[PDB]
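Whatever order the structure lists ligands and atoms in, that order sets their numbers, starting from 1. Every chain is numbered from 1, with letters handed out A, B, ... down the list of sequences.
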Amino acid sequence: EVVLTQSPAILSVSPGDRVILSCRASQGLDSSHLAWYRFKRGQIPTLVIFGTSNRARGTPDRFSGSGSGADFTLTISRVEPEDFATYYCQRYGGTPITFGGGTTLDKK
Amino acid sequence: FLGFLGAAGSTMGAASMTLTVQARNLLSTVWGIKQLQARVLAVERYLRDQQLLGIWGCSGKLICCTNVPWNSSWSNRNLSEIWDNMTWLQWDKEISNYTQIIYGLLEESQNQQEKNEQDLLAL
Amino acid sequence: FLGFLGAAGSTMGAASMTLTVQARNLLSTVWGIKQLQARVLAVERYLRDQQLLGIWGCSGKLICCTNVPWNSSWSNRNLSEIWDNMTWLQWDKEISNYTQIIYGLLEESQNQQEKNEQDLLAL
Amino acid sequence: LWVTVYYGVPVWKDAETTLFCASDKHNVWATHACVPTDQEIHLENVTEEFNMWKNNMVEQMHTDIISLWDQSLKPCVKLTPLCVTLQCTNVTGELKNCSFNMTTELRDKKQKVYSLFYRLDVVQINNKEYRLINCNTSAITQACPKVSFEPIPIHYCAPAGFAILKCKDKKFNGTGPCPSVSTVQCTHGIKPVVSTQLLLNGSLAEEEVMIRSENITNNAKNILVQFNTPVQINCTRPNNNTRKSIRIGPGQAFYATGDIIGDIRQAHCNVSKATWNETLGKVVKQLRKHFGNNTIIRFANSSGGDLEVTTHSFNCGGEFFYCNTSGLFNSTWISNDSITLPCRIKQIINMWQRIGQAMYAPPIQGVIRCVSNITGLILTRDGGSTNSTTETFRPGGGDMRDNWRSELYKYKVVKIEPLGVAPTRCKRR
Amino acid sequence: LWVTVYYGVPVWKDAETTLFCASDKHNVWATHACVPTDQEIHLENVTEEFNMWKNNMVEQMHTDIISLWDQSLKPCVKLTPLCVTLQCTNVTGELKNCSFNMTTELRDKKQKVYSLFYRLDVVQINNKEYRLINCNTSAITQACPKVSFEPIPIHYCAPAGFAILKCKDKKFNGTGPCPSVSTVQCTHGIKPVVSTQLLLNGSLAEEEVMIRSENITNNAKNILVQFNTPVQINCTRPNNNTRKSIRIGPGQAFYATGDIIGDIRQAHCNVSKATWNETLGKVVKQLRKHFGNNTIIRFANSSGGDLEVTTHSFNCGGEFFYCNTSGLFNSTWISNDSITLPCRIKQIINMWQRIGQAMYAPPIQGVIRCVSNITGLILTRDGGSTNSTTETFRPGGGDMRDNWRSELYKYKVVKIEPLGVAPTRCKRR
Amino acid sequence: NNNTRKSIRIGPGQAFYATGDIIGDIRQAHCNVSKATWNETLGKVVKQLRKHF
Amino acid sequence: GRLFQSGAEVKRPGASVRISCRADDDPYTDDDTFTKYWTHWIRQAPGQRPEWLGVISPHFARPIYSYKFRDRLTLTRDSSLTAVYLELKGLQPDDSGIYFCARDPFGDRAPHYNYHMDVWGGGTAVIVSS
Ligand SMILES: *[C@@H]1O[C@H](CO)[C@@H](O[C@@H]2O[C@H](CO)[C@@H](O[C@@H]3O[C@H](CO[C@H]4O[C@H](CO)[C@@H](O)[C@H](O[C@H]5O[C@H](CO)[C@@H](O)[C@H](O)[C@@H]5O)[C@@H]4O)[C@@H](O)[C@H](O[C@H]4O[C@H](CO)[C@@H](O)[C@H](O)[C@@H]4O)[C@@H]3O)[C@H](O)[C@H]2NC(C)=O)[C@H](O)[C@H]1NC(C)=O
Ligand SMILES: *[C@@H]1O[C@H](CO)[C@@H](O[C@@H]2O[C@H](CO)[C@@H](O[C@@H]3O[C@H](CO[C@H]4O[C@H](CO)[C@@H](O)[C@H](O)[C@@H]4O)[C@@H](O)[C@H](O[C@H]4O[C@H](CO)[C@@H](O)[C@H](O)[C@@H]4O)[C@@H]3O)[C@H](O)[C@H]2NC(C)=O)[C@H](O)[C@H]1NC(C)=O
Ligand SMILES: *[C@@H]1O[C@H](CO)[C@@H](O[C@@H]2O[C@H](CO)[C@@H](O[C@@H]3O[C@H](CO[C@H]4O[C@H](CO)[C@@H](O)[C@H](O)[C@@H]4O)[C@@H](O)[C@H](O[C@H]4O[C@H](CO)[C@@H](O)[C@H](O)[C@@H]4O)[C@@H]3O)[C@H](O)[C@H]2NC(C)=O)[C@H](O)[C@H]1NC(C)=O
Ligand SMILES: *[C@@H]1O[C@H](CO)[C@@H](O[C@@H]2O[C@H](CO)[C@@H](O[C@@H]3O[C@H](CO[C@H]4O[C@H](CO)[C@@H](O)[C@H](O)[C@@H]4O)[C@@H](O)[C@H](O[C@H]4O[C@H](CO)[C@@H](O)[C@H](O)[C@@H]4O)[C@@H]3O)[C@H](O)[C@H]2NC(C)=O)[C@H](O)[C@H]1NC(C)=O
Ligand SMILES: *[C@@H]1O[C@H](CO)[C@@H](O[C@@H]2O[C@H](CO)[C@@H](O[C@@H]3O[C@H](CO[C@H]4O[C@H](CO)[C@@H](O)[C@H](O)[C@@H]4O)[C@@H](O)[C@H](O[C@H]4O[C@H](CO)[C@@H](O)[C@H](O)[C@@H]4O)[C@@H]3O)[C@H](O)[C@H]2NC(C)=O)[C@H](O)[C@H]1NC(C)=O
Ligand SMILES: *[C@@H]1O[C@H](CO)[C@@H](O[C@@H]2O[C@H](CO)[C@@H](O)[C@H](O)[C@H]2NC(C)=O)[C@H](O)[C@H]1NC(C)=O
Ligand SMILES: *[C@@H]1O[C@H](CO)[C@@H](O[C@@H]2O[C@H](CO)[C@@H](O)[C@H](O)[C@H]2NC(C)=O)[C@H](O)[C@H]1NC(C)=O
Ligand SMILES: *[C@@H]1O[C@H](CO)[C@@H](O[C@@H]2O[C@H](CO)[C@@H](O)[C@H](O)[C@H]2NC(C)=O)[C@H](O)[C@H]1NC(C)=O
Ligand SMILES: *[C@@H]1O[C@H](CO)[C@@H](O[C@@H]2O[C@H](CO)[C@@H](O)[C@H](O)[C@H]2NC(C)=O)[C@H](O)[C@H]1NC(C)=O
Ligand SMILES: *[C@@H]1O[C@H](CO)[C@@H](O[C@@H]2O[C@H](CO)[C@@H](O)[C@H](O)[C@H]2NC(C)=O)[C@H](O)[C@H]1NC(C)=O
Ligand SMILES: *[C@@H]1O[C@H](CO)[C@@H](O[C@@H]2O[C@H](CO)[C@@H](O)[C@H](O)[C@H]2NC(C)=O)[C@H](O)[C@H]1NC(C)=O
Ligand SMILES: *[C@@H]1O[C@H](CO)[C@@H](O[C@@H]2O[C@H](CO)[C@@H](O)[C@H](O)[C@H]2NC(C)=O)[C@H](O)[C@H]1NC(C)=O
Ligand SMILES: *[C@@H]1O[C@H](CO)[C@@H](O[C@@H]2O[C@H](CO)[C@@H](O)[C@H](O)[C@H]2NC(C)=O)[C@H](O)[C@H]1NC(C)=O
Ligand SMILES: *[C@@H]1O[C@H](CO)[C@@H](O[C@@H]2O[C@H](CO)[C@@H](O)[C@H](O)[C@H]2NC(C)=O)[C@H](O)[C@H]1NC(C)=O
Ligand SMILES: *[C@@H]1O[C@H](CO)[C@@H](O[C@@H]2O[C@H](CO)[C@@H](O)[C@H](O)[C@H]2NC(C)=O)[C@H](O)[C@H]1NC(C)=O
Ligand SMILES: *[C@@H]1O[C@H](CO)[C@@H](O)[C@H](O)[C@H]1NC(C)=O
Ligand SMILES: *[C@@H]1O[C@H](CO)[C@@H](O)[C@H](O)[C@H]1NC(C)=O
Ligand SMILES: *[C@@H]1O[C@H](CO)[C@@H](O)[C@H](O)[C@H]1NC(C)=O
């Protein structure tokens with residue numbers, strides 16, 4: 001079973017800084033199989049990044065993703081006030097689909 | 001000037017001086033696609049003949065002397081009675097069943113001359 | 001005779017003697033237009049290759065020696081291990097990212113030979 | 001002696017290809033979509049084999065006329081609500097005054113309307129109760145009243161790499177070698193005139209009456225007769241028709257016959273009696289060259305079939321005429337006045353014999369007259385007892401390929417074979 | 001060293017192109033409009049990368065089957081008058097005898113007719129009142145009763161400048177390098193057999209049972225099983241059916257079911273019990289190579305879905321069969337007699353899941369019998385709890401791209417790249 | 001107007017889209033243009049128009 | 001675009017809940033989502049990460065269940081092919097949470113074969129209490 005671990009559960013930043021969010025897998029992901037999702041209370045969830053590095057349709061250029069093997073990162077270049085949400089990684093390639101625990105961003 | 005196919009009843013030697021006249025005429029809703037894919041027919045029928053001339057070393061030529069020798073197993077008529085008695089239609093009906101092996105011989109000979117010229121250009 | 005693409009596993013020197021076999025095979029309702037515009041695509045893919053050969057001064061030829069010198073920044077292997085060890089598919093994978101600059105070099109070299117033989121024929 | 005390659009030799013083979021149209025208010029034959037016309041090169045010493053009975057241009061012309069006919073009927077009014085019960089009286093037998101209920105543009109409202117129908121278009125259900133003739137088997141479409149049925153001359157042009165050879169032998173029987181060949185890129189203007197038993201508005205033979213069969217000894221083969229001088233025929237529908245528009249749906253108009261203004265009279269055709277007799281004598285003289293001089297030649301009327309082939313069937317002014325030609329073929333030949341042929345009119349036409357399709361020809365307002373040239377015949381010979389000295393010929397037809405074969409008999413499509421190989425004393429250096 | 005231009009080198013790259021059809025009474029797949037067929041050249045020393053899961057030929061074949069299906073169904077009778085209230089009794093609950101009022105060819109006349117409908121094709125409205133099943137959401141078109149559903153082998157040929165590489169490795173799992181390659185002009189005859197849970201009338205594996213998945217560790221991926229020997233399956237619709245024609249409009253005939261003559265019986269399929277058990281042992285032996293020797297292999301029935309995928313669904317004879325395969329997949333495998341599977345029949349079919357379209361299959365006169373070959377399976381593995389020594393496999397399917405993936409797995413389209421450059425000691429003089 | 005759309009099944013597979021209720025006030029549809037901006041643009045048009053007339 | 005779920009539910013322990021998901025709130029729509037895409041069902045209890053329940057196929061509505069929900073979950077598509085349904089039986093207080101439907105090509109679309117829950121819908125709050 002693949003377990004995804006997101007390393008800091010809370011992360012604090014100021015609007016306009018560069019932020020790294022990390023996902024660590026228990027084994028060897030395919031990298032077409034890792035996505036990122038923005039969850040905030042009272043809002044629709046949104047696909048941020050699929051396929052480890054591809055932006056979604058309504059996703060700005062401040063987000064990008066990288067990684068390989070079991071190490072995956074979602075980096076925000078300039079934090080905006082609407083980017084203060086929980087971010088989840090999830091893994092395809094076998095059922096059950098598993099999510100990654102979540103890194104919440106709060107402002108300084 | 002006789003016009004398009006005007007030398008069809010002329011002798012082969014007399015018809016061989018009108019080859020541009022036939023050559024330039026080979027390229028140019030219910031009535032819509034009838035007009036359409038006739039044009040694709042004419043284009044690919046032109047390009048297959050041009051490809052045949054290209055692989056024999058005869059591209060850009062109307063008359064093209066080759067290196068393949070004339071086998072008498074094809075026709076044993078002498079040169080005077082071919083170019084001054086026969087027409088091209090009679091000649092085609094004569095040698096219609098040797099055409100594919102003549103074509104294969106031309107395609108052999110040109111590729112041999114190509115790599116021979118390539119080898120002596122390395123000197 | 002190996003047939004169409006039969007020398008694809010052969011060496012480049014052995015596959016260079018079968019170029020006519022690949023060359024002559026390049027030209028020739030739900031099912032209706034599927035049959036139709038495939039023909040237009042085949043004609044266009046043939047004609048842009050023939051235009052490239054005419055631009056480099058290689059029209060009507062299957063092997064065409066040129067004047068562009070082989071840059072060693074493209075591949076530094078010697079001739080015995082290119083023409084007797086590699087296949088054409090391996091060679092195409094090796095020099096795939098240097099191809100457009102070789103094409104531009106051939107395009108400029110032939111235009112300079114055109115202007116030089118034009119200037120030389122005025123004397 | 002080495003092989004030398006020539007490109008552009010005058011060599012052809014027989015071929016089949018798609019020909020396109022050229023042509024020098026819209027029409028059924030969409031000649032506005034054809035290309036403009038433009039060229040005739042005589043070919044000395046060429047003898048070419050023709051066969052007018054296996055000519056692929058005739059088959060392509062047939063397929064084209066049928067496709068143009070059903071292309072010009074797609075956007076027009078489907079007469080599905082006209083398949084109702086009619087209550088019909090006589091107008092005075094041949095014309096019925098029929099009253100019916102009809103849809104309107106409002107889906108909840110009906111309309112009591114009437115129309116004059118011909119008797120050939122209605123069948124009674126058992127004033128009396130009727131319905132239209134093809135309502136159980138066919139979807140009927142009304143012909144679009146702005147679209148003309150008048151034959152426009154079309155030209156058939158060959159694509160590049162193909163040529164049209166043309167026989168110029170003026171005594172050509174349509175099969176065998178022709179020794180006077182020309183080359184054209186397209187044919188003369190051929191009017192697609194749809195008729196049976198009589199060829200109308202065609203080309204005349206040059207010197208004598210031409211008799212053409214695929215095999216004159218096979219009596220199942222039709223005999224095409226080409227006249228050298230025309231016999232003019234004058235036809236009329238003398239009733240002054242009134243057209244009436246009925247709104248049968250949103251944007252949909254049915255065209256009815258309203259009143260007849262003046263007298264009720266019969267449609268008919270007139271042929272000059274002496275001219276027809278002189279033409280029949282010329283036909284009999286050209287017919288004795290295949291059956292013997294001492295043969296009695298008889299002309300009788302049609303052997304049977306549908307009404308299109310038991311009558312002389314044609315179209316003039318937009319109305320469809322079915323004329324009794326018994327007064328034209330009633331004679332025996334041993335070695336000012338007119339013939340008046342009565343015609344019936346139909347409005348529900350199934351011209352190409354499509355199962356489940358019929359056309360309603362809308363009524364033409366006014367009086368119709370048409371003056372035409374009989375330029376030929378389609379005959380059929382009766383099978384005899386082989387010990388008989390009489391040959392009976394009856395008016396035939398029904399296959400429209402014989403109509404278009406009588407204009408395309410001299411033409412041929414060939415494929416140009418430009419690449420030749422020969423021996424010379426050349427050698428490539 | 002100077003550069004040297006070669007034209008006609010044997011070089012290809014991967015490509016997508018439109019393939020055309022060839023094929024060696026009309027059909028749904030219009031093979032009469034295809035090209036006549038004609039070939040295979042072995043390519044020594046060539047190792048080619050294949051992927052049957054990302055094959056564009058499978059996607060083109062899917063699009064072609066769907067487009068041929070809905071092109072075969074445009075000119076046929078729209079059953080929009082059959083959306084009426086039915087008064088239905090039982091025939092003896094699997095069959096209903098339903099009476100209704102129907103339009104005639106006369107717009108003002110009605111008709112009281114009846115038909116036998118299956119229970120799967122009617123829904124009641126609250127004898128009782130029913131209607132057809134897809135009548136609120138769909139336009140239903142009656143399939144055209146002279147058009148045959150029988151799968152005809154089609155061949156997929158590449159145009160000029162493209163080639164089809166064929167893997168000849170007899171133990172090829174459909175992904176990766178294949179070292180035994182040929183070049184063909186077109187594929188073998190591929191019959192488009194629409195089926196779920198069981199591959200019918202296909203091609204067998206050469207040596208052993210083949211197990212092919214895109215990733216056998218991803219249980220969301222289907223498992224294609226190719227048998228080496230076929231298991232024949234005998235299906236029947238034993239009722240002697242009478243077809244009745246109802247004229248519902250001008251030129252429009254609805255085809256009803258009239259009487260059953262003789263006994264009312266159930267449609268069913270028969271498999272040899274011993275042959276099926278032998279094939280399941282061979283499948284278990286090939287399936288233990290991916291999951292362990294001490295793994296318990298369980299076969300259970302379908303997990304859910306529409307009726308097409310919870311049953312073995314197929315067409316033969318013109319009727320559409322939905323067979324319970326609980327008798328086939330009911331077994332646990334540790335380290336004369338027949339299986340009889342009951343089938344239901346539907347007549348209102350929605351094969352490609354088009355929103356708002358449905359097809360009425362007209363009834364087949366007489367008794368239907370059918371002998372097929374089970375040549376393969378589509379399976380799904382249950383998601384395990386990762387502490388489990390049991391893998392459960394269930395009959396999958398429903399995606400027809402897996403039906404045609406099982407015949408196109410060995411094939412590949414490439415684009416010929418004939419222009420090469422290479423260093424030589426030549427120089428242009 | 002806050003418009004309500006209503007679907008009517010008028011045939012097999014066929015839906016007509018009706019207007020249902022208005023929710024709130026009935027008001028007129030309208031367009032607004034800035035008065036000074038429009039007047040300034042009309043002055044520019046008049047000045048380019050006096051060169052021809 | 002978006003996905004339209006049914007309303008929030010309050011249930012007793014041991015009961016069943018039934019949630020709908022539509023791509024168009026028009027009842028007579030012809031949207032053809034659910035014949036092109038896979039639909040995932042994903043719950044989030046308060047204080048937990050999202051948990052995947054199952055996915056339903058576009059192909060003939062074939063469901064893939066999670067193994068821990070297989071005995072009491074049913075995933076259905078409407079016979080009009082324009083809505084999908086979740087049915088969770090035998091409810092317990094740890095079944096309370098926000099339930100989402102999400103739309104996915106799921107490695108099946110012919111050019112690129114990507115994987116992304118790209119359109120999510122709403123979320124039905126489900127409370128299980130007594
Ligand atoms: C069926 O499904 C299974 C399950 O997904 C597939 O198995 C996985 O396949 C993917 C294919 O992409 C594998 O990823 C590749 O892994 C190799 C090997 O990784 C090792 O070598 C690396 C050196 O290059 C090394 O860095 C790796 O270390 C990392 O990963 C381990 C976990 O394995 C982690 O613990 C470490 O801390 C590191 O994070 C590792 O030791 C690797 O070489 C590949 O990298 C290439 O590709 C990436 C992206 O394409 C690119 O960025 C790189 O530069 C390089 O070019 C790639 O990551 C994965 O390991 C497999 N996992 C398992 C569990 O098997 C299987 O392939 C599927 N089969 C089929 C037929 O589809
Ligand atoms: C096919 O069948 C249809 C029937 O469906 C025939 O149509 C009918 O034809 C008759 C005769 O032509 C028509 O009757 C005439 O109506 C005229 C107008 O009526 C006035 O009065 C009525 C009330 O009575 C008003 O509603 C109306 O608006 C008018 O103001 C009359 O004037 C006619 O009278 C005739 O006789 C007197 C002598 O008594 C003369 O002085 C008159 O001038 C006139 O000649 C007559 O009654 C009837 O209207 C038609 N019906 C329909 C529905 O159209 C077709 O004629 C028939 N066609 C053929 C070819 O047979
Ligand atoms: C064999 O060939 C002959 C000769 O070409 C054909 O005979 C002609 O047939 C057509 C159609 O039948 C006739 O044309 C029609 O004439 C009507 C009356 O024409 C006279 O009056 C007009 C003024 O009203 C004059 O201009 C004309 O010269 C005549 O003196 C017209 O009423 C018709 O109008 C139709 O066409 C117009 C065109 O715009 C439309 O707007 C109208 O709505 C309407 O549809 C039409 O013009 C022509 O008169 C005939 N010629 C002769 C000499 O009789 C035969 O038809 C043909 N035979 C066969 C079997 O094809
Ligand atoms: C689905 O549902 C339909 C109903 O809509 C059933 O159709 C009916 O079936 C019954 C029974 O089979 C039919 O009734 C039979 O009619 C025969 C003919 O009737 C004669 O007399 C009438 C006037 O009464 C005339 O109009 C007619 O022209 C005939 O001259 C009778 O002969 C039958 O009598 C039977 O019983 C006697 C014994 O008393 C025997 O001696 C006879 O030989 C015969 O067996 C009987 O009454 C009825 O006509 C059908 N209706 C219609 C509309 O078709 C379908 O059968 C049903 N299908 C299924 C599969 O369930
Ligand atoms: C897997 O593959 C098998 C074998 O290819 C298929 O089985 C065949 O299925 C077809 C149905 O499409 C069967 O053909 C039908 O047979 C009926 C009876 O045939 C017998 O009797 C006739 C004379 O009456 C003999 O000539 C014949 O050899 C048989 O002995 C016919 O009544 C059917 O007629 C239909 O087609 C004709 C064609 O002209 C039409 O005119 C008719 O109107 C009617 O539509 C038809 O011929 C065939 O018998 C089956 N073979 C076997 C061995 O069972 C499977 O269908 C296939 N499986 C799948 C899922 O595709
Ligand atoms: C058709 O054939 C005649 C007969 O051969 C040709 O007439 C000859 O023409 C050549 C000209 O090259 C003369 O040298 C001959 O003396 C002519 N012979 C006779 C008997 O007249 C005629 O030229 C041919 N026509 C065409 C167009 O080729
Ligand atoms: C496939 O590869 C083998 C191995 O190189 C080829 O066999 C060689 O063929 C050449 C002929 O040109 C001989 O000179 C060598 O001695 C052969 N080597 C061996 C080890 O047999 C073979 O010809 C290749 N096949 C094709 C079709 O190219
Ligand atoms: C309408 O016309 C028809 C056709 O002439 C008439 O039908 C004929 O009437 C005569 C009168 O005795 C009968 O002998 C014939 O048998 C009828 N013909 C047919 C085919 O049945 C009809 O009578 C006329 N109607 C009226 C009211 O006069
Ligand atoms: C047109 O419809 C009317 C109905 O408005 C028909 O008139 C009825 O005819 C029947 C006989 O079939 C009578 O019993 C009724 O009394 C008539 N009136 C009504 C109001 O129903 C009429 O027959 C239809 N056809 C024509 C040609 O008018
Ligand atoms: C057919 O109609 C034409 C008229 O179009 C008639 O020809 C006219 O006949 C009169 C008297 O013979 C001549 O004075 C005219 O000069 C002729 N021509 C024209 C244009 O009017 C012809 O008589 C008719 N034929 C028949 C058999 O009725
Ligand atoms: C067909 O020909 C016969 C015979 O010539 C015609 O019958 C003659 O008609 C006239 C005029 O009515 C009579 O005076 C004769 O007594 C009839 N018999 C004979 C033997 O001459 C008949 O009228 C012709 N039919 C047509 C339609 O022209
Ligand atoms: C027609 O067949 C149906 C199906 O068997 C019958 O419906 C069932 O009738 C039994 C009788 O007690 C009921 O218990 C079931 O609840 C019914 N099934 C359904 C789904 O409601 C029906 O009764 C039959 N009609 C007649 C007249 O026998
Ligand atoms: C399926 O049907 C076939 C017939 O098509 C059956 O095969 C026959 O079986 C009998 C007895 O075993 C043999 O004598 C015949 O030679 C077989 N072939 C034919 C063509 O008749 C087969 O038994 C059936 N299978 C099942 C499971 O019922
Ligand atoms: C599926 O398998 C089970 C177990 O093998 C079958 O249940 C048995 O059926 C037989 C026949 O009626 C009984 O004698 C046994 O008591 C049943 N139970 C067991 C535990 O063996 C079941 O019939 C099979 N289902 C199908 C459709 O084949
Ligand atoms: C048209 O609407 C725009 C808004 O789209 C209005 O522009 C705003 O005007 C206010 C007050 O002048 C400013 O504070 C905003 O910054 C403007 N922009 C936006 C994007 O809100 C404009 O006033 C309207 N024009 C008219 C004529 O009504
Ligand atoms: C060519 O052959 C013909 C036929 O035998 C003969 O008449 C003629 O003289 C020959 N010509 C020569 C130059 O030998
Ligand atoms: C040409 O060869 C073919 C071989 O099939 C033969 O039928 C034909 O008669 C030959 N023609 C001549 C003119 O010898
Ligand atoms: C060719 O150049 C490209 C540059 O985009 C590079 O990615 C690739 O690795 C190169 N290939 C080789 C064989 O060096």
So, does G:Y65 use its side chain to make a donor-acceptor pair with the main chain of E:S303 at under 3.5 Å? no
Could you tell me whether a side-chain N or O of A:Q6 sits under 3.5 Å from a main-chain N or O of A:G102, the two making a donor and an acceptor? yes
Going by the order shown, which atoms of ligand 6 are within less than 4.0 Å of some heavy atom of B:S10? 26 (C), 27 (C), 28 (O)
Is there a donor-acceptor contact under 3.5 Å linking the side chains of E:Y409 and E:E407? no
Report the C-alpha distance between E:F172 and E:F50 in whole Å, list the side-chain angles of each, state the deciding distance to 0.1 Å, and finish with yes or no for ring-ring contact (aromatic ring centres under 6.0 Å, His included). CA-CA 10 Å; E:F172 189 50; E:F50 286 75; 5.8 Å; yes
Given the protein's heavy atoms, is any one of them under 4.0 Å from [atom]?
| atom | value |
| --- | --- |
| atom 20 (C) of ligand 6 | no |
| atom 2 (O) of ligand 6 | yes |
| atom 26 (C) of ligand 6 | yes |

Hey, which of A:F50, A:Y92, A:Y37 is the one that makes ring pair (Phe, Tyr, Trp, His ring centres under 6.0 Å) with G:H116? A:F50
Close N/O pairs between ligand 1 and protein, under 3.5 Å:
from: ligand 1; atom 1: 2 (O); to: E:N215; atom 2: OD1; distance (Å): 3.3
from: ligand 1; atom 1: 2 (O); to: E:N215; atom 2: ND2; distance (Å): 2.4
from: ligand 1; atom 1: 35 (O); to: A:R24; atom 2: NH2; distance (Å): 3.0
from: ligand 1; atom 1: 37 (O); to: A:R24; atom 2: NH1; distance (Å): 3.0
from: ligand 1; atom 1: 37 (O); to: A:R24; atom 2: NH2; distance (Å): 3.3
from: ligand 1; atom 1: 39 (O); to: A:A70; atom 2: N; distance (Å): 3.4
from: ligand 1; atom 1: 39 (O); to: A:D71; atom 2: OD2; distance (Å): 3.4
from: ligand 1; atom 1: 62 (N); to: A:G28; atom 2: O; distance (Å): 2.7
from: ligand 1; atom 1: 69 (N); to: E:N215; atom 2: ND2; distance (Å): 2.8
from: ligand 1; atom 1: 72 (O); to: E:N215; atom 2: ND2; distance (Å): 3.3

Crowded around G:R109 CZ? As in, over 12 foreign heavy atoms under 6.0 Å? no
So, is D:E44 polar-close to ligand 6, with some N/O to N/O distance under 3.5 Å? no
Are [Y] and [X] an aromatic pair, judged by ring center distance below 6.0 Å?
| X | Y | result |
| --- | --- | --- |
| A:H33 | A:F72 | no |
| E:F393 | E:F291 | yes |
| D:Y6 | B:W83 | yes |

Would you indicate whether the side-chain heavy atoms of A:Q90 and G:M117 approach each other to under 4.5 Å? yes
Over-ring placement of G:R103 relative to G:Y37, 6.0 Å and 45° cut-offs: yes
Might you work through the side-chain contact (heavy atoms from CB on, under 4.5 Å) test for D:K168 and D:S182, ending with a clear yes or no? CA-CA 7 Å; D:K168 286 194 295 186; D:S182 179; 3.7 Å; yes
Please report which non-hydrogen protein atom sits nearest to atom 24 (C) of ligand 6, along with the residue it belongs to and the distance in Å to one decimal place. D:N45 ND2, 2.5 Å
Just the distances, no angles: every ligand 16 N or O to protein N or O pair closer than 3.5 Å, one line each.
from: ligand 16; atom 1: 2 (O); to: B:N78; atom 2: ND2; distance (Å): 2.4
from: ligand 16; atom 1: 11 (N); to: B:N78; atom 2: OD1; distance (Å): 3.3
from: ligand 16; atom 1: 11 (N); to: B:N78; atom 2: ND2; distance (Å): 2.9

